Each structure stands twice: as structure tokens, then as C-alpha cells.
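Residue numbers (PDB author numbering), protein chains in the order written: chain F, 8 to 75, 94 to 159; chain D, 8 to 75, 94 to 159; chain E, 8 to 75, 94 to 159; chain A, 8 to 75, 94 to 159; chain B, 8 to 75, 94 to 159; chain C, 8 to 75, 94 to 159. Each residue gets a CB set at the ideal place from its N, CA and C atoms; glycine is no exception.
6 protein chains.
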Amino acid sequence: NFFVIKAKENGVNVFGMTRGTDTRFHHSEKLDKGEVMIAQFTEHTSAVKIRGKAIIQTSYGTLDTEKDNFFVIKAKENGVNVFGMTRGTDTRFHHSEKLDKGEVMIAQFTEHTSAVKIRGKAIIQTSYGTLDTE
Amino acid sequence: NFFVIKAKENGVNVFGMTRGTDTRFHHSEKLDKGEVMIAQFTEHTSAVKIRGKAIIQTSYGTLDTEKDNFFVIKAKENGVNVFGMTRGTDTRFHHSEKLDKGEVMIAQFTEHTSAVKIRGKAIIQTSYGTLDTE
Amino acid sequence: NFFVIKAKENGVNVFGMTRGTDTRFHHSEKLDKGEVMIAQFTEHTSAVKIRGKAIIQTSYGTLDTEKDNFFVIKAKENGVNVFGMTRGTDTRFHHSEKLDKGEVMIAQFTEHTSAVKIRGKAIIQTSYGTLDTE
Amino acid sequence: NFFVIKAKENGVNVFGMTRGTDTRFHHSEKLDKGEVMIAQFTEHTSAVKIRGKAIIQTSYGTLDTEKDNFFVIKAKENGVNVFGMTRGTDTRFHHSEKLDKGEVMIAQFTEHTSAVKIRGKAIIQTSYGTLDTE
Amino acid sequence: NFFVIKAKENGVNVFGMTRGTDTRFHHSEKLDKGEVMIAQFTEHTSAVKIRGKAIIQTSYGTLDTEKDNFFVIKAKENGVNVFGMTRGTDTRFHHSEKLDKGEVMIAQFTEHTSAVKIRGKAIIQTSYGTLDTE
Amino acid sequence: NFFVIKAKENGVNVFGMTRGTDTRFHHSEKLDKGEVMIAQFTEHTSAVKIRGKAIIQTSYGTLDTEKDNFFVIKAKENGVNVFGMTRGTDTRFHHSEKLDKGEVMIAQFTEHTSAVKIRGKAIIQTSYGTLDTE
């Protein structure tokens, strides 16, 4: 599948997360005002972290960064965190991702992870609908 | 497929059942108030047992723990039990699962089981609709 | 595919027919009042015979035993019979199944049978709709 | 796919045509009043000829013998004929089938035939709709 | 896929074009008044040229010869021509087909051709809709 | 998939871009007034550049050159540019395409490119809807 982004300012950033349990950012894009980005989910990148004033658009609908298979998360407040399961018999929440207010995250479901856990107040969108932490 | 859970309290628990006739719980999660969980059905886990005050959401609709392919069961009362068939020529109800009032169960259909039998008063949801024991 | 049953009394029975031309019953279930059953069609069982006061539910709709791919039959009266073709060049109606008033039958289409013939007054449901013998 | 027939009298007949250019009838069924028949299209039988007072029902709708992929033909009058093409470079109308008023024909599309031609007044039904010779 | 034709006169003709860049007519059918034809698109025939007073019917709708994947063309006037691309690196319009007023053409997309060009005034129908040269 | 073009003048041009990171134009078509073109996306051509007064029609709708999976771009003004990502670990915007006011571009998603970036004011259409740079 694919997604669409639009920039409301200069400096809107994109971080690509390495696919797998070992997670780190390999890119730091910079988008000027009026930018529009189109991209896929690849074997190298199963998730994307968006930053800055931007508009994100996907199959589940259109999301705004400022307004108060795969899945969507929008951080309503600061300190928002996320956790990931390790597939297989060895079971534990491997990582504790972190996000700030207004940050957005998107990720597919990988052979390395079968479940996810979230912390902080945030909005969630899926192929089934939407879900708010409050 | 996938499912979504939301926690209304602290201590909402998740038990993963080992896939196959040999059934036992390999995990005991703990969810605080405001938790949200997303997970898949895996070769290691064909069924899930949910416990505590929570909201469960699936393709068949949205279910509440307190309000009075794969399938869904919601225990309306205490003493609710479930049974499973053994696939193949050797035919008999192998186990007698047990559930309490307000407990929820979800399970795929496995190569080890072709049919299921339920006891106690409960609610059932499927790709076809819903069914109440009363 | 799958089907759902509900019991209105004690003693609702289920007979599984051996897949193939050689047909006989390998099981005789007993369902108490309030029972609910879920099962698949398997290589070992291509058809099922239901007996007793029960409610049957499938993709073609919901059927009642008392009210006056695969296919559905409901015996409106006693003496209802069914016949099966033998696939291949050797062509003849191999068997003459029998059913009583209120009895229900369900069966897939197998490599052993390509056509079926019915006798007695009965109701039929398919992926296309419903059909009454009268 | 499949089809359904219902008999309005005794002696409703079914002829199965051998699949391929070499066409002849291998069966002559007899249906009493109130009969109902269900059958498939098989490698041995790509077409079926129906005779007598009967009701035929398919994905394209419900047809009556008396009222004035695969395809459907209903003979409105006597002398109705049909012709078949031979697939491959060798091209010619191999046969000239014949039908009487009220007769019905059904046939799949085979590796031996790519096109068909009809004569007499008749009604035609397809996955696209219906067509009358008049 | 398939198509349907109906004849409004005697002498309605059908020309089958050889599949590939080398195009010539291998057949010249003759249809009397009231004829109805059904045929497929085959490896031997990727396109068909229709001539005479007839009614053509396809998934894109119903067309009349007199009224003023694959694709459809209807010649509104005389001198209508069509051209075909040669697939691969070697690129040029290989042929210049010709059609008269009221003539109709149908063709699949082949490994030999990836694009087509038309000349004269004509009507076009596709899986997307219709298009008129005027 | 496919697309349709119509010419409003003489000299409407088509440029085919070589599939892959190495991009250059292999063809320069000329379309007279009233032209209509149909073509596919091929292994040799993953994108097409349209020039001149023309009407373009695709699954996402109908576009006009003058009015003020794969994707669509319409240059609203002069100086419009586009950029492409290089798939794999080696990550950078390889090229900076350029377009003038009224120019249109169409391209599939290739194994060589996973994302694209645009510059200038333009209109975008996708399987999800439309997007304007303003």
C-alpha cells in the first residue's frame, strides 16, 4: 500500500525505521512549505515517523498534525510511547518507542512483531475505523 | 486477521493459548487504565483469553465486557465452559474449557479442531452475525 | 465454510456421514436445551444429518426445524428420501437416503457425487435462493 | 457452477452431451411430478438438454418451459437448431443441433468450441442479460 | 471474455484477424436475418471485424451499427483507419487498418501491440466508459 | 492498467521514459486535432510525459490540460519539477524532473523507485482521490 503527505511549513521531517526488532532511523528528510510526498512500504522500511506541520492521507482517511496490513497512530500529547512484541516463543515487549504531541507514526505488521502496545494519549486509525485514547 | 482491545481499568489480562489440542496459557499480560492493544493470530497462538474491564473490537463489531476464519464468545454468567473436537477419525470432545461472567474468548479454526461446544450462558459473534444463548 | 446450530430441547442429535459413495454414520451427538454448535466441513465429513428440535443457521439464512459449495434440505413431511449420483462414466443413482418430517440435511459437493435427487416434500436452500417442493 | 430443475409432470427428461466435438446423449433421465434436480458441469458433461414440463433456475434467473462461463437457450418454436465452431486453425461449423418448441439447452465453453450459432426462434440468457430472437 | 451479435439482415459478415503484427482475415462468415452469434477471444483470434446490419452487445453496453482487457470502435463515417504499435524497443506504427461508415472493430491487447491509433470519426467504448471522436 | 488521451490540436506529443533510474525519452509522438490514443504501461515504459492541448482520461477521472499502482500529476504552473527515490539501502533523490505549465505526467511504481517528490504548483490524482498543491 501507499500513503500521502503534505507540508504546511519548512522542515517537515521523515524518519525511516529499519525493519525488524533492531530499530533506528536511517533518514531525516526536510520538506519545505507546500511539499507533497508519496512513498511505499518496503522490505527495508516497515514503518515511518513523521514530524513537523504536515497533512497525512491514507486509506483510513485524512489526518492533520495540528487538529486536536498497517495501522496509524497520532500523538495527542507529549510523552507518548509505543512498545513492540517479539514474534515466536520468546515473548516480551522488546522496545519502548517515544513520541511527542502532534507526532505521527505508521507501520506495517512484520514477521518480527505480532502485537504493539501504546502509551500516552493518542489517536488510532485502522482498516476497521478509528480509536481515541480518551 | 486482527483484533483491538481497550482497557477500562488496571490489571486487564491477556492469556495466549498454545495452538493445538494441548492447551495452556503461556502469557499473562497486565494492562493499565487507558491501554490499547493490537495483535495477530499466529501459528503459536490460535486463541486468546481476555480478562478484566476492557473493550474488545473486531470485524464482527464492538463488544463490551460489562454490558449485559474465527469466532467470538462472551460469557454472560459464571461457570461458562467450552469444548473442542479432535480432527480426524478419532472423534471426541477433548477438553472442557471454563470461563466466568464477563470473560471473553476468541479463537481461529485449527487443523487440530473442526468444531466446538459451549456451556453456560454467553453471547456469540461470527462473520454471519450474532447469537445469544438465551 | 461453516454452519451454526442451536438446541431447543435435550437430545438434539448430529450424525456425520462418511465422505464418499460408502455412506454411514460415525457419530451420534446429544445436545441439551440451550446448546450451540459450530463445525466445519472436513475431508472426513462432507455432509451432516441433524435431528431433534433445533435452530440451524447458515450463509443461505436461518432455518427452524418446527416451522412448516453446498446445499440445504429440510424435510417437510415423513418418508423424505434423497439419492446421489456416482461421478465418472459409470452413471447411476447409488443410494436412496431417507429422512423424516422436520429432519434437516446438509452436504458439500464431492468428487464422488456430481448430482443429487430428492423424494418427499421438503424445502431447499442454496447460494442462489430457496426452493419448496410444493 | 450449478443449476436447478423442477418437474411439473411425470417424464421430464435429461440428456447429457459428451464433452467435445463428438456429441451424443449418454443418459435419459425420467422425473416424476414434483421432482427437483441439482447437478454440476463436469469434464464428462459440458452441456445438458432438458425435456418436458419443468422449471429451470440458474444464476441468470428463473426460466419456465411453458411460458411464451456458460450460456442458456430456450426454444420458442419447433425446428430450433444450434451449431458449434471447432477451435483451432481448422475452422467450420461442425454440427447442427436441433431442438423443439419449449426445449431448453445449457452448455459451458469448451476447448473444442469457441463459438456457437443458433437457428429457429429462441430465448437466450447469459451473465450479461437476456436476448430474444424476435 | 465474450461478446454477442445479432443480425438485422442477410449477409452480416465476420472477419477474424490473425493474432500478431501480421494481420489478415482468415474467415468470412455470412449471417441471415435474425442470426445470433456468440464467440470468445482466442490465441488464434485477438480481434474481430464485423460488417453489415447487426446489433453488437458487450460488457461495455449495447451498440447498434445504424444509429448515428479489450476495447471497442464504431466507425461513424467512411475512411476510418486504425494503427498499431509494435511492442519492444523497436517502436513504430506498423499498420494502418481501414474501416467504413457503420463498421465495428473489437480487439484485445496482445504481446505484439501495446498501443493503438485511430483515424476517421468513430465511437469508442472501454471498461471505463465511452468516447466520441467529435 | 491503461489510459486514454484525446488531442485538441495538432502536435500533441508523447514522450516515453525508460524504466529505471536512468531516465530519457525514447519517442516523440505527434498527434493531429481529433486524435485518440490508447496504450499500456510496459516493462520498457513505466512513465509517460504528455505535451500539447489534449484530454487525458484514467481510472482516477478525466483531466484537461487547459483548465486551471500508478499516480497522476498535472503542472499548474511553469518550473514544476519532480524527484525520485532510489530503492534499497543507498538512499537519495536521484533526479530532478522538470515540467511546464499545463504539462502532465503519469508513472507506475517501479523496483527502482519507492517514493517521489514534486516541486512547483501542480494537481495530483491517485486511487484515493485528488490533491492540489495550493
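For my contact list, residue i and residue j are in at a C-beta cut-off of 8 Å; report their separation, rounded to the angstrom.
{"i": "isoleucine 62 of chain B", "j": "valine 141 of chain A", "result": "Contact doesn't hold; Cβ gap of about 17 Å is too wide."}
{"i": "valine 19 of chain E", "j": "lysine 60 of chain E", "result": "6 Å"}
{"i": "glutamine 133 of chain D", "j": "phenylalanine 48 of chain D", "result": "5 Å"}
{"i": "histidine 34 of chain D", "j": "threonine 69 of chain F", "result": "The Cβ separation is near 37 Å, so there is no contact."}
Suppose the cutoff is 8 Å on Cβ atoms and the five residues either side in sequence are ignored; what does the same chain contact list for residue i look like?
{"i": "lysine 74 of chain F", "result": "none"}
{"i": "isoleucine 143 of chain D", "result": "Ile98, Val105, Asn106, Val107, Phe108, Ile149, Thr158"}
Leaving out the 5 sequence neighbours to the left and right, which residues in its chain are closer than 6 Å to residue i when beta-carbon positions are compared?
{"i": "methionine 110 of chain E", "result": "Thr138, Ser139, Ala140"}
{"i": "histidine 119 of chain B", "result": "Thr28, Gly109, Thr111"}
{"i": "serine 121 of chain E", "result": "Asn106, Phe108"}
{"i": "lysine 123 of chain A", "result": "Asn106"}
{"i": "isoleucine 12 of chain F", "result": "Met44, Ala61, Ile63"}
{"i": "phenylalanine 32 of chain F", "result": "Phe22"}
Find the nearest neighbour of residue i within the set the options, judged by alpha-carbon distance.
{"i": "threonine 135 of chain B", "options": "B:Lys15, B:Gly18, B:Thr69, B:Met24", "result": "B:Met24"}
{"i": "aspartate 71 of chain A", "options": "A:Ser35, A:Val107, A:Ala14, A:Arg31", "result": "A:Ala14"}
{"i": "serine 53 of chain C", "options": "C:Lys123, C:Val107, C:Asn94", "result": "C:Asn94"}
{"i": "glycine 145 of chain C", "options": "F:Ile131, F:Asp39, F:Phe118", "result": "F:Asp39"}
{"i": "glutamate 42 of chain B", "options": "B:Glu16, B:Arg58, B:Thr65", "result": "B:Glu16"}
{"i": "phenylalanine 96 of chain D", "options": "D:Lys56, D:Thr116, D:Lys37", "result": "D:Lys56"}
{"i": "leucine 156 of chain B", "options": "C:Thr65, C:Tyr153, C:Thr114, C:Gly113", "result": "C:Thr65"}
{"i": "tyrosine 67 of chain B", "options": "B:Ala147, B:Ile143, B:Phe10", "result": "B:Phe10"}
{"i": "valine 21 of chain D", "options": "D:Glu122, D:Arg58, D:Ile143, D:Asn8", "result": "D:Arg58"}
{"i": "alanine 147 of chain A", "options": "A:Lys37, A:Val129, A:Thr116", "result": "A:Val129"}
{"i": "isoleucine 131 of chain E", "options": "E:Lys123, E:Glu159, E:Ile143, E:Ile98", "result": "E:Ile98"}
{"i": "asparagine 8 of chain E", "options": "E:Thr158, E:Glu159, E:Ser152", "result": "E:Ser152"}
Between which two residues does the beta strand (DSSP E) holding residue i run?
{"i": "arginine 58 of chain D", "result": "52 to 58"}
{"i": "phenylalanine 22 of chain C", "result": "20 to 25"}
{"i": "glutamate 122 of chain A", "result": "118 to 124"}
{"i": "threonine 69 of chain D", "result": "68 to 71"}
{"i": "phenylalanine 96 of chain F", "result": "95 to 100"}
{"i": "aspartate 75 of chain B", "result": "Per DSSP, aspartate 75 of chain B belongs to no beta strand (DSSP E) and is neither H nor E."}
{"i": "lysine 142 of chain E", "result": "140 to 144"}
{"i": "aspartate 115 of chain C", "result": "That residue, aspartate 115 of chain C, is in no beta strand (DSSP E); it is neither H nor E in DSSP."}
{"i": "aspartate 157 of chain F", "result": "155 to 157"}
{"i": "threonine 65 of chain C", "result": "61 to 65"}
{"i": "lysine 15 of chain C", "result": "First-last for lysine 15 of chain C: undefined, no H or E at that position."}
{"i": "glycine 104 of chain F", "result": "First-last for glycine 104 of chain F: undefined, no H or E at that position."}
Quick one: list the residues of chain C neighbouring residue i, beta-carbon separation under 7 Å, in chain order.
{"i": "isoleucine 45 of chain F", "result": "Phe96, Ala140, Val141"}
{"i": "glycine 41 of chain F", "result": "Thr158"}
Who are the near neighbours of residue i in its chain, counting only those whose CB is closer than 7 Å to its CB and skipping five residues on each side?
{"i": "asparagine 103 of chain A", "result": "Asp125, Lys126"}
{"i": "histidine 51 of chain C", "result": "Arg26"}
{"i": "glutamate 36 of chain A", "result": "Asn20, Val21"}
{"i": "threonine 30 of chain D", "result": "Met24, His120"}
{"i": "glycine 154 of chain A", "result": "none"}
Report the neighbours of residue i on chain E: residues whose CB is nearer than 9 Å to its CB, in chain order.
{"i": "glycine 18 of chain A", "result": "Simply none; closest approach about 15 Å."}
Against residue i, what residues of chain A qualify as contacts under a CB-to-CB distance less than 9 Å, listed in chain order?
{"i": "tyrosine 67 of chain E", "result": "Residues of chain A passing the Cβ test: none, with the nearest at roughly 13 Å."}
If the cut is a Cβ gap below 9 Å, which residues of chain B does residue i touch?
{"i": "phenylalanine 22 of chain C", "result": "Simply none; closest approach about 12 Å."}
{"i": "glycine 113 of chain A", "result": "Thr49, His51"}
{"i": "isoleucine 149 of chain A", "result": "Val11, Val43, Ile45"}
Taking C-beta pairs closer than 8 Å, name the residues in chain A that residue i reaches, listed in chain order.
{"i": "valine 55 of chain B", "result": "Ordered by position in chain A, no residue passes the 8 Å Cβ test against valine 55 of chain B, which lies about 10 Å from the chain."}
What residues from chain D crowd round residue i, counting only those whose CB sits closer than 7 Å?
{"i": "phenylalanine 32 of chain E", "result": "Those do not exist, as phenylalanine 32 of chain E stays about 12 Å from chain D at its closest Cβ, beyond 7 Å."}
Closer than 7 Å by beta-carbon distance: list the chain A residues that pair up with residue i, in chain order.
{"i": "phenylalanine 134 of chain E", "result": "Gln47"}
{"i": "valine 129 of chain B", "result": "The contacting residues do not exist; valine 129 of chain B stays about 17 Å from chain A at best."}
What residues from chain F crowd round residue i, counting only those whose CB sits closer than 9 Å?
{"i": "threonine 116 of chain C", "result": "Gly23, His33, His34, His51"}
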